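This report refers to the structure that appears directly beneath it.
Structure follows, in structure tokens:
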């Protein structure tokens, strides 16, 4: 049912939606979205479980 | 590259560039429809129309 309620089928619009919910406005690109999502949870710099 | 760079963002989606532009092969086809001159900065050896 989460797949049904999701308005997203492909990954780029998913990263767009992530970009918009993190920061509204400022019309996104691909690379800003991929950069933001990759540094959000997968960067050793800005995210670190001890 | 710009098109899929902004092939995101359901706020202002875009048409595929095939309508707003020719393709390169489409150009080089229509460039066989007109008598054409090519000026270039070196020495071609020898042939007719040259």
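Residue numbers (the deposited numbering), protein chains in the order written: chain I, 349 to 398; chain A, 301 to 350. All C-beta atoms in this analysis are idealised placements derived from N, C-alpha and C, irrespective of residue type, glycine included.
Closer than 7 Å to chain A by CB, residue 360 of chain I: On the first chain, residue 360 of chain I is found 12 positions in, with the first residue counted as 1. For residue 360 of chain I, the answer is yes, since a Cβ of chain A falls inside 7 Å of its Cβ.
Contacts around residue 361 of chain I, its chain only, beta-carbon distance under 6 Å, and the 5 residues preceding and following it disregarded: As a working note, residue 361 of chain I is residue 13 in the first chain. Excluding residues within five positions, none has a Cβ falling inside 6 Å.
Other residues of its chain near residue 382 of chain I: CB distance less than 8 Å, five sequence neighbours each side excluded: Translated into positions along the first chain, residue 382 of chain I becomes position 34. If we look at residue 382 of chain I and ignore the five residues flanking it on each side, its Cβ neighbours are 363.
Closer than 7 Å to chain A by CB, residue 378 of chain I: Against the first chain, residue 378 of chain I aligns to sequence position 30. Interface with chain A (7 Å Cβ-Cβ cutoff): residue 378 of chain I is included.
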